[PDB]
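The block underneath contains the structure these notes are about, expressed in structure tokens.
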Ligand SMILES: Cc1ncc(COP(=O)(O)O)c(/C=C/C(=O)C(=O)O)c1O
Ligand SMILES: [Mg+2]
């Protein structure tokens, strides 16, 4: 059902648990990111870490009714306590409530002050939110909704099933080396917190962020959600600069965090070189391989910890959030990581895990088709030099050599292409017949106006645009996430949107 125009504001793919929404023209994107009230009434849905799901809102309203006067619901009491502490709220702000036979955890937020915004930021950047499947079960058990979303799940020991599938994909001995977390960000935060804890005793409290990477991961460090010092090395290819910054912090580096490729710039770092730097520094190397997938790259040999957002291609359904932390068995940190990791983050609600278990069965087959489609579309984009200025991806001239160092023999580039346009985004995006909106990694082709999603605030002024320019980004860019449709149909769809 891909490659069609979807009416503005419709949840995408359509399930109650949809993580995306149709935002099909730039005017609507601007209205959505600027919180224009008319746009938000027409397009009220959103990615569940960014716009609270209606069932979560309703559960929060009803749980608060039993002082009635804002309540931020979380995945766990642990997550609520962490958000309250980060926000500077009293410990009593974190509370356990009840509704429909269920225990709920959340933080009571103050009306005034910055505490409300900080608590929401903590839950958001760490992926510690209550899921829509859990809220749906609360409401259904309480008799407050008629029915539940019908969907395929694999309910027999789903966490073991998912962990075993990922152990095979990453090439680790078994599920003991794979921890499931509430979302990709919950996995990243758990990995960073675990490494930080293990490294604290030796005086290592500083992190190096390699390049510009996914915005929530950057916020974890910039906003001190993880209480560490950090330095960003803006050029992920500049290994001499990485070594210079590491030398400045010699004996003091807890870890280096990197992405392969990076979101959304698509830069591929040199993981074998980073491993040697990390070894010399005595620090851990944490790699987020979401965009490549373990079916395309073999990065466990070079990383101490690998993280993945299973929300994306691992499921291909755009309807469940989950994350994975994979511990490298040969890492010197491996034993301490397996001891310490259970203290950080939260496993997903089991019904979410059961959805992952059903959807992950087709991961390898999905990536075969996705890879072929990305290759076909990349050649198409090169053939439109009057409209497409640049395309950044794993096999471009910047990244191909580094990608080849870790690519599997059958491995392809994954599904993402970051398209830099010579024309205003409107002239391509508005007419493009794909699902347009947040997230990526579905079996239908998607596109995101990703600089608006990540950095709307910086797009709004000359100095903000100069800052984005320094990162290689500007307004008129489209992040394409290819699905599994026939390649000729994807190519034709883009040809029609690229021509005048
Ligand atoms: C590399 C990488 N690592 C971690 C995450 C967080 O996953 P979740 O916590 O499951 O949301 C993302 C998510 C990216 C988007 O949501 C998007 O860019 O549309 C990512 O690209
Ligand atoms: Mg460029």
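Don't worry about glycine lacking a Cβ; one is built from the backbone with ideal geometry, like all the others, and counts go over all protein chains shown. Basis: the model, the stated rules and, where named, an outside source; these are not laboratory values.
Which count do you get for residues in the range 414-459 that are more than 14 Å from residue 26 (Cα to Cα), out of contact with any helix residue (DSSP H, G or I) (no Cβ under 8 Å at 6 or more places or on another chain) and assigned to a strand (DSSP E or B)?
Total satisfying the criteria: 2.
Give the residues of the range 317-330 that are part of a loop (DSSP other than H, G, I, E, B) and either under 12 Å from residue 275 (Cβ atoms) or away from ligand 1 (no atom under 14 Å from the Cβ) (or both), sorted by residue number.
328, 329, 330, listed by residue number.
Within the range 302-313, which residues are touching a strand residue (DSSP E or B) at 6+ places or on another chain (Cβ under 8 Å), in a loop (DSSP other than H, G, I, E, B) and more than 10 Å from ligand 1 (Cβ to nearest atom)?
302, 303, 304
Would you confirm whether any residue within the range 98-108 is crowded, with 20+ Cβ neighbours inside 10 Å and either outside the structural domain of residue 63 (by TED's automatic domain parsing) or over 26 Å from residue 180 (Cβ atoms) (or both)?
Yes, the range 98-108 has at least one match.
Considering only the range 119-135, I want to know if a residue exists there that is more than 20 Å from the chain's Cα centre (by Cα), away from ligand 1 (no atom under 16 Å from the Cβ) and either surrounded by 17 or more Cβ atoms within 10 Å (Cβ to Cβ) or under 18 Å from residue 340 (Cα atoms) (or both).
yes
Select, from 179, 167, 142, the only residue that is away from ligand 1 (no atom under 16 Å from the Cβ) and within 25 Å of residue 294 (Cβ to Cβ).
167
Assess whether residue 292 counts as being within 14 Å of ligand 1 (Cβ to nearest atom), farther than 19 Å from residue 163 by Cβ, touching a helix residue (DSSP H, G or I) at 6+ places or on another chain (Cβ under 9 Å) and in a loop (DSSP other than H, G, I, E, B).
Considered against the rule, which asks whether it is within 14 Å of ligand 1 (Cβ to nearest atom), farther than 19 Å from residue 163 by Cβ, touching a helix residue (DSSP H, G or I) at 6+ places or on another chain (Cβ under 9 Å) and in a loop (DSSP other than H, G, I, E, B), residue 292 comes out as yes.
Restricting to the range 315-368, count the residues that are over 16 Å from residue 290 (Cα atoms) and touching a strand residue (DSSP E or B) at 6+ places or on another chain (Cβ under 8 Å).
Qualifying residue count, the range 315-368: 13.
Run down 396, 386, 390 and say which single residue is part of a loop (DSSP other than H, G, I, E, B) and within 16 Å of ligand 2 (Cβ to nearest atom).
Going through 396, 386, 390 in turn, just one is part of a loop (DSSP other than H, G, I, E, B) and within 16 Å of ligand 2 (Cβ to nearest atom): 396.
If you go through the range 331-347 one residue at a time, do you hit one that is within 14 Å of ligand 1 (Cβ to nearest atom), under 18 Å from residue 174 (Cα atoms) and not in a loop (DSSP other than H, G, I, E, B)?
Looking through the range 331-347, none of the residues is within 14 Å of ligand 1 (Cβ to nearest atom), under 18 Å from residue 174 (Cα atoms) and not in a loop (DSSP other than H, G, I, E, B).
Looking only at the range 238-251, decide whether some residue is over 16 Å from residue 405 (Cα atoms), within 21 Å of the chain's Cα centre (by Cα) and not in a helix (DSSP H, G or I).
There is no residue in the range 238-251 that is over 16 Å from residue 405 (Cα atoms), within 21 Å of the chain's Cα centre (by Cα) and not in a helix (DSSP H, G or I).
Quick check: anything in the range 443-466 under 19 Å from the mean Cα position of the chain (by Cα), on the phi > 0 side of the Ramachandran plot, away from ligand 2 (no atom under 16 Å from the Cβ) and buried (at least 22 other Cβ atoms within 10 Å of the Cβ)?
No, the range 443-466 contains no residue that is under 19 Å from the mean Cα position of the chain (by Cα), on the phi > 0 side of the Ramachandran plot, away from ligand 2 (no atom under 16 Å from the Cβ) and buried (at least 22 other Cβ atoms within 10 Å of the Cβ).
Go through the range 399-422 and give me each residue that's crowded, with 19+ Cβ neighbours inside 10 Å and within 14 Å of ligand 2 (Cβ to nearest atom).
Across the range 399-422, the qualifying residues are 399, 417, 418, 419, 421.
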